[PDB]
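Remarks on the structure that follows.
Whatever order the structure lists ligands and atoms in, that order sets their numbers, starting from 1. Protein chains get the first letters and strands the later ones, always in sequence-line order, with residue 1 at the start of each.
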Number of protein chains: 2
Amino acid sequence: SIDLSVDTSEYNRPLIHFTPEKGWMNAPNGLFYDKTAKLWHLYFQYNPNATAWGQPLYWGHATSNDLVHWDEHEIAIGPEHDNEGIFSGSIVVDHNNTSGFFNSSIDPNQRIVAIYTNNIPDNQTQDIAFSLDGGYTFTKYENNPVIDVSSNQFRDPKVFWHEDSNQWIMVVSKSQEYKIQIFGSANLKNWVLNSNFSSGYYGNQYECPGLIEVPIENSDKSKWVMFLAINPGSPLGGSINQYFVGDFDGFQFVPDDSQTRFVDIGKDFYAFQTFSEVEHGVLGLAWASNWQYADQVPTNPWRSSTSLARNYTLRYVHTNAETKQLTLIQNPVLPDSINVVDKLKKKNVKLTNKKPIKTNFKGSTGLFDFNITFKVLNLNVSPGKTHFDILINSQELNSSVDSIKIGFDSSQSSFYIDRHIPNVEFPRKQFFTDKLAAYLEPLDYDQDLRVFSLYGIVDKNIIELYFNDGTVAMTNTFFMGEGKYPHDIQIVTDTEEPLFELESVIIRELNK
Amino acid sequence: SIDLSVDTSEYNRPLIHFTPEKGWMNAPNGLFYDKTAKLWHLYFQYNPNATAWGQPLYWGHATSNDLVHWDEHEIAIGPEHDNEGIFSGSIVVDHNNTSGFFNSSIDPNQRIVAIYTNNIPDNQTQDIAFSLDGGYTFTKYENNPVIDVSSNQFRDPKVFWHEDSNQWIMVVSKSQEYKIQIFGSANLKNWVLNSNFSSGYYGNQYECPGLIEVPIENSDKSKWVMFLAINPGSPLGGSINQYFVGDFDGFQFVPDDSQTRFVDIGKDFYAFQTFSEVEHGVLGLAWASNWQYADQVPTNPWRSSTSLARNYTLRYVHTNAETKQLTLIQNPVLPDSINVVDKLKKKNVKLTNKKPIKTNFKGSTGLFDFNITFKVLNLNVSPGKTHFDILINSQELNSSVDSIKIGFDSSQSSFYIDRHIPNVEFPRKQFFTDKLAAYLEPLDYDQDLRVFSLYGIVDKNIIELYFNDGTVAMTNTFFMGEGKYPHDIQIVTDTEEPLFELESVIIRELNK
Ligand SMILES: *[C@@H]1O[C@H](CO)[C@@H](O[C@@H]2O[C@H](CO)[C@@H](O[C@@H]3O[C@H](CO)[C@@H](O)[C@H](O)[C@@H]3O)[C@H](O)[C@H]2NC(C)=O)[C@H](O)[C@H]1NC(C)=O
Ligand SMILES: *[C@@H]1O[C@H](CO)[C@@H](O[C@@H]2O[C@H](CO)[C@@H](O)[C@H](O)[C@H]2NC(C)=O)[C@H](O)[C@H]1NC(C)=O
Ligand SMILES: OC[C@H](O)[C@H](O)CO[C@]1(CO)O[C@H](CO)[C@@H](O)[C@@H]1O
Ligand SMILES: OC[C@H](O)[C@H](O)CO[C@]1(CO)O[C@H](CO)[C@@H](O)[C@@H]1O
Ligand SMILES: *[C@@H]1O[C@H](CO)[C@@H](O)[C@H](O)[C@H]1NC(C)=O
Ligand SMILES: *[C@@H]1O[C@H](CO)[C@@H](O)[C@H](O)[C@H]1NC(C)=O
Ligand SMILES: *[C@@H]1O[C@H](CO)[C@@H](O)[C@H](O)[C@H]1NC(C)=O
Ligand SMILES: *[C@@H]1O[C@H](CO)[C@@H](O)[C@H](O)[C@H]1NC(C)=O
Ligand SMILES: *[C@@H]1O[C@H](CO)[C@@H](O)[C@H](O)[C@H]1NC(C)=O
Ligand SMILES: *[C@@H]1O[C@H](CO)[C@@H](O)[C@H](O)[C@H]1NC(C)=O
Ligand SMILES: *[C@@H]1O[C@H](CO)[C@@H](O)[C@H](O)[C@H]1NC(C)=O
Ligand SMILES: *[C@@H]1O[C@H](CO)[C@@H](O)[C@H](O)[C@H]1NC(C)=O
Ligand SMILES: [Zn+2]
């Protein structure tokens with residue numbers, strides 16, 4: 001039912017965020033690294049027959065050597081019937097053949113098992129499938145389901161090997177009971193329920209849980225981080241991801257505190273999953289939309305991208321002037337395989353109304369990043385002027401320029417985005433929150449002067465912001481008018497004297 | 001420093017929300033009922049010298065017989081020096097003279113003690129003062145402070161008599177340590193620290209805690225509810241109030257669960273306090289703004305109102321189709337001293353693009369309410385049309401009408417507000433979030449049809465929404481252009497056939 005006569009790709013298909021060539025994508029699934037083939041695998045909730053969610057629902061599949069250049073493959077897993085779906089799940093590598101699926105002809109690093117929710121009318125079960133060809137084709141286990149609790153709200157298994165307790169661990173959502181259930185298994189087939197976990201912001205239901213050891217920076221120690229998706233009922237409206245920091249013994253997750261925190265405080269970062277088989281640290285990505293409007297955004301013949309892959313650490317950071325908290329840090333994976341088409345580089349710039357920064361690039365890919373370290377100077381200005389703005393401008397088309405704005409206000413110690421584009425209309429835009437804010441403590445002090453940093457990347461219809469070296473992340477989609485895409489970046493202020501010193505400014509036009 | 005030559009009152013001063021005649025108001029303080037005088041007392045953080053926060057900072061004072069008609073009095077409490085402030089606090093009635101301040105000539109119901117934070121350079125302490133004239137003038141205790149922990153982040157005491165443990169209880173914020181501290185006292189002068197409580201959404205700092213016994217509807221049971229204000233770092237940006245439900249023994253508050261929930265999910269409901277000496281149930285109100293922009297909004301010669309007084313209960317409500325949670329309910333206090341100028345009443349209205357509801361009132365007070373029960377019918381419509389909208393329109397003034405919109409989308413089971421008023425500019429409007437949403441389960445089912453209810457009241461610059469008989473509350477200010485205020489209400493949809501039946505619609509023009 002997709003109309004291949006209208007293609008928006010030229011102006012709003014991301015270059016380095018994965019999108020399916022056609023149809024509908026939601027949650028990322030089965031994320032893993034093949035150490036033998038040296039390949040990253042992305043699977044995803046996929047409806048090839050429309051640009052909206054529907055059954056039959058499949059695992060789509062793509063691979064990358066570098067987490068930015070993706071090759072889309074044939075559908076990996078499909079349902080038995082048209083009114084069924086292969087819902088979310090994860091992949092593990094069964095190196096030691098605990099499952100019995102793998103003989104000496106399958107390299108240990110390629111002993112690939114998918115654990116997923118099978119959705120049929122009035123029933124959700126956890127099922128497994130194995131791949132003998134490096135994750136391209138799967139055979140479903142003959143004795144599926146591996147877990148059935150007679151529920152239609154029981155989904156999204158994330159599985160990992162727990163060395164300390166010598167077993168497989170599954171975290172899975174009992175979605176409308178607001179429980180993350182922790183199961184254990186010797187062989188991925190026979191599972192025992194070990195504990196239930198309930199905390200944080202409940203919203204309407206629990207989805208896509210995760211549980212992983214995240215490294216503490218400058219340390220050989222880690223904490224266990226429980227990830228949890230809720231939708232609807234996010235405090236920002238719709239879908240959001242949250243996390244909990246604590247310890248895990250193979251049976252029970254015990255948070256260090258009872259505080260609620262979000263992974264990303266943009267509108268468009270949901271169903272976060274981590275890659276299995278990562279040698280150094282923790283990598284993950286999410287679905288870069290919001291259930292409130294994901295199926296209505298003006299893209300064709302596809303809807304949805306993933307976020308960039310991000311690298312997850314824990315750092316002690318000031319959440320106020322007195323107090324440090326061990327906080328989830330994330331920074332984008334952007335390797336040297338990305339081409340720099342053109343660059344603006346400045347240092348020690350005193351920003352004023354007479355000294356704007358303006359890119360003057362020959363053309364546009366619609367893919368840019370900006371990297372700024374700035375200091376707030378001791379200058380008293382009128383309350384309307386305590387800010388500077390990064391403007392992302394389209395080309396002029398039909399006599400107008402569309403823009404989005406990213407700013408910082410020194411009186412509020414807060415970043416903000418305004419993704420309001422007048423004259424772009426789509427269904428459920430009343431839920432498409434335009435103004436988002438993030439409070440941060442200074443990254444550092446230079447004498448008495450507050451220092452902050454900002455890294456942003458814009459990729460045709462998505463902007464990802466990382467405040468203070470990944471202390472806070474904010475992911476938002478944006479939809480410029482037909483044919484319009486990012487062409488030029490400006491950094492402006494209305495202050496006559498300098499309130500902000502840009503210690504370092506690097507703005508790059510990028511390409512695949 | 002206030003310019004009394006410019007007065008916006010005629011178009012944007014609320015009729016039934018308390019505002020100071022001039023200057024700056026923030027947190028409500030010292031809320032209590034005088035059972036002898038039959039008088040409600042409102043005190044508030046008050047800067048009479050500007051329409052922005054500054055020291056010296058005072059307790060302003062107003063009284064009401066009905067919680068809508070307020071009489072403003074002389075300042076009740078002031079600081080010793082100009083670089084000091086009487087910060088937030090509470091009042092108790094010391095009926096049995098545990099303090100020793102009151103002889104036989106002071107009616108027991110009028111034995112009024114204020115407990116407040118004294119803010120001086122580099123020090124915040126808890127201090128007390130007593131009134132011998134029914135709360136109009138205070139004498140500070142000669143041995144203040146009553147609590148000093150050598151901190152400049154130690155504020156907002158809410159004190160109550162705990163009958164079960166036969167002592168005074170103080171909840172107070174150790175703001176940047178993220179602790180609510182619970183102290184106990186025989187006499188309001190000598191305090192012992194009994195416990196610390198840390199939970200929920202931390203943001204930047206803890207403020208204005210509260211702890212009170214709230215009744216469960218249709219039962220003789222109750223729970224203890226801990227209230228907590230955070231600012232900045234609200235997930236909605238800036239300032240917000242949250243709550244915890246559990247039990248209290250006079251020493252330790254123990255929540256029933258570790259979930260985070262907000263009292264009000266509008267932008268403009270902060271520093272909530274409950275009235276002391278309420279006979280039946282729990283009444284409270286808040287400051288109806290957000291620290292991000294409170295001191296920049298285009299009102300003069302005052303800034304800020306309170307919310308309406310609200311009546312607080314607990315009810316088991318569906319947060320999803322399967323699961324009920326004991327949830328905080330709030331409904332506005334709107335007594336018979338409010339006059340109905342005009343009303344539109346409709347019932348069993350099958351709403352369509354050809355059947356809009358439009359008020360045709362002769363003039364406008366700028367004060368209206370709307371009370372709607374509606375059913376979602378089984379009709380498949382295009383995704384752009386799965387909603388209806390309540391439009392609140394200004395008069396046409398120099399050929400333009402300003403409006404705000406409250407809607408419901410049946411596909412998302414969510415209400416929304418859009419307070420976006422283009423052309424009205426003020427400092428820090430980048431933080432003035434325009435689009436807010438609230439997910440709700442149906443109030444009821446009529447066979448298979450989903451039933452919802454909405455009560456809204458608009459009072460010149462503030463709209464308060466109560467979804468499903470107070471299941472969710474949302475408070476937002478809005479600023480129409482110079483001279484413009486609400487005049488007419490419309491209820492519209494774009495559906496050609498009926499998707500919504502308005503079972504009952506009552507729209508009233510009100511006056512004081
Ligand atoms: C994600 O960020 C982490 C840093 O937090 C990166 O981990 C680092 O990765 C490199 C490999 O690229 C490691 O270097 C190797 O370490 C071994 C053992 O010391 C050494 O013998 C090898 O010669 C090699 O240099 C490095 O140790 C590691 N750092 C930590 C703290 O684990 C990781 O590369 C990032 N991943 C991506 C995709 O960006
Ligand atoms: C707030 O709500 C409670 C009901 O939830 C009201 O309590 C009743 O008040 C009347 C007197 O006005 C008593 O005779 C009843 O016994 C009370 N009922 C319960 C269940 O306690 C209270 O009146 C309300 N207050 C306001 C101002 O609306
Ligand atoms: O249908 C499930 C419900 O609508 C969720 O809010 C979306 O569900 C998720 C998360 O968005 O997508 C998957 C199905 O495509 C499912 O496995 C997962 O829990
Ligand atoms: O001290 C100001 C602080 O940063 C808060 O965000 C505002 O403080 C409050 C709450 O808004 O106002 C009062 C003083 O006006 C103080 O008692 C209370 O904690
Ligand atoms: C859906 O897409 C699948 C996979 O391409 C295809 O085989 C099938 O015919 C389609 N089903 C429907 C209902 O269109
Ligand atoms: C090992 O598995 C391979 C791949 O399916 C299969 O072809 C082969 O027969 C198996 N070998 C043995 C010894 O069973
Ligand atoms: C966990 O939750 C399940 C499903 O509700 C319940 O049956 C079981 O009693 C709980 N188990 C534990 C260990 O709490
Ligand atoms: C941003 O600049 C910092 C400081 O120069 C640098 O170390 C970092 O790698 C840059 N970030 C990105 C994403 O390129
Ligand atoms: C502030 O207002 C108070 C009370 O009206 C008044 O006594 C005083 O003159 C004012 N102080 C300053 C510093 O403006
Ligand atoms: C109570 O104290 C007041 C002064 O505050 C005084 O007017 C009065 O005489 C006293 N009454 C008694 C009964 O001691
Ligand atoms: C409560 O918190 C205070 C301030 O951090 C601390 O000194 C005290 O030891 C704590 N008391 C208890 C009983 O936890
Ligand atoms: C709204 O309508 C209901 C009847 O459905 C009524 O009982 C209730 O009091 C009304 N609310 C207000 C605040 O007027
Ligand atoms: Zn606009």
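For the side chain to side chain contact (heavy atoms under 4.5 Å, CB included) test with B:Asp156, the passing option among B:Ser175, B:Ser90, B:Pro209 is B:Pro209; the others fail. Here the options are A:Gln45, A:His61, A:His41, the test is side-chain hydrogen bond (donor to acceptor under 3.5 Å, both in side chains), and the partner is A:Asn29; only A:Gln45 passes.
Judged by distance alone, the side chain of B:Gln242 and the main-chain N or O of B:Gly200 form no donor-acceptor pair under 3.5 Å. The closest donor-acceptor contact from the side chain of B:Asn144 to the backbone of B:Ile128 lies under 3.5 Å. Judged purely by atom type and a 3.5 angstrom limit, B:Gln55 has no side-chain atom pairing as donor or acceptor with the backbone of B:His81. Here the side chain of B:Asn204 pairs a donor or acceptor atom with the backbone of A:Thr319 at under 3.5 angstrom. Between the side chain of B:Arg428 and the main chain of B:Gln292, a donor-acceptor pair closer than 3.5 Å is present.
For atom 18 (C) of ligand 1, the nearest protein heavy atom lies 4.0 Å or farther away. Inside a 4.0 Å radius of atom 9 (O) of ligand 1 there is at least one protein heavy atom. For atom 23 (O) of ligand 1, the protein comes within 4.0 Å by no heavy atom at all. Contact annotation for atom 26 (C) of ligand 1: protein absent (non-hydrogen atoms, distance under 4.0 Å). For atom 1 (C) of ligand 1, the nearest protein heavy atom is under 4.0 Å away. Contact annotation for atom 29 (N) of ligand 1: protein absent (non-hydrogen atoms, distance under 4.0 Å). Contact annotation for atom 36 (N) of ligand 1: protein present (non-hydrogen atoms, distance under 4.0 Å).
Residues B:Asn152 and B:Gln124 have side chains that never bring a donor and an acceptor to within less than 3.5 angstrom of each other. Side chains of A:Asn320 and A:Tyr439: a donor-acceptor N/O pair is absent below 3.5 angstrom, by distance only. Between the side chains of A:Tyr455 and A:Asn331, no donor-acceptor pair is found at a separation under 3.5 Å. For the residue pair A:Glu279 / A:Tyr33, no side-chain donor-acceptor distance below 3.5 Å is found, with atom types taken as modelled.
Here the heavy atom of the protein found nearest to atom 39 (O) of ligand 1 is A:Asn311 ND2, 3.4 Å. Here the protein heavy atom with the shortest distance to atom 5 (O) of ligand 1 is A:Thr313 CG2, 4.0 Å.
Near ligand 4, heavy-atom contacts under 4.0 Å come from B:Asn26, B:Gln45, B:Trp53, B:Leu57, B:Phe87, B:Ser88, B:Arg155, B:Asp156, B:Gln205, B:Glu207, B:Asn231, B:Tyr270, B:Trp291.
For A:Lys140 and A:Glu80, the salt-bridge test fails: no basic side-chain N is under 4.0 Å from an acidic carboxylate O.
The proximity of A:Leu283 to ligand 1, defined as any non-hydrogen pair under 4.0 Å, is limited to the side chain.
Taking all heavy atoms of A:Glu279, A:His280, A:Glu217 into account, the minimum distance to atom 34 (O) of ligand 1 is reached by A:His280.
Between A:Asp66 and A:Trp40, the shortest heavy-atom distance links the atoms N-CD1, 4.0 Å.
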Tabulated below should be the N or O atoms of ligand 5 paired with protein N or O atoms at under 3.5 Å; can you produce that?
| residue | atom | partner | partner atom | Å |
| --- | --- | --- | --- | --- |
| ligand 5 | 2 (O) | A:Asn49 | OD1 | 2.9 |
| ligand 5 | 2 (O) | A:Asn49 | ND2 | 2.5 |
| ligand 5 | 11 (N) | A:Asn49 | ND2 | 2.8 |
| ligand 5 | 14 (O) | A:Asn49 | ND2 | 3.2 |

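Relative orientation of the A:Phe227 and A:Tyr243 rings is tilted, given thresholds of 30° and 60° on the angle between their planes.
Here the side chains of B:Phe183 and B:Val172 are in contact, with some heavy-atom distance below 4.5 Å.
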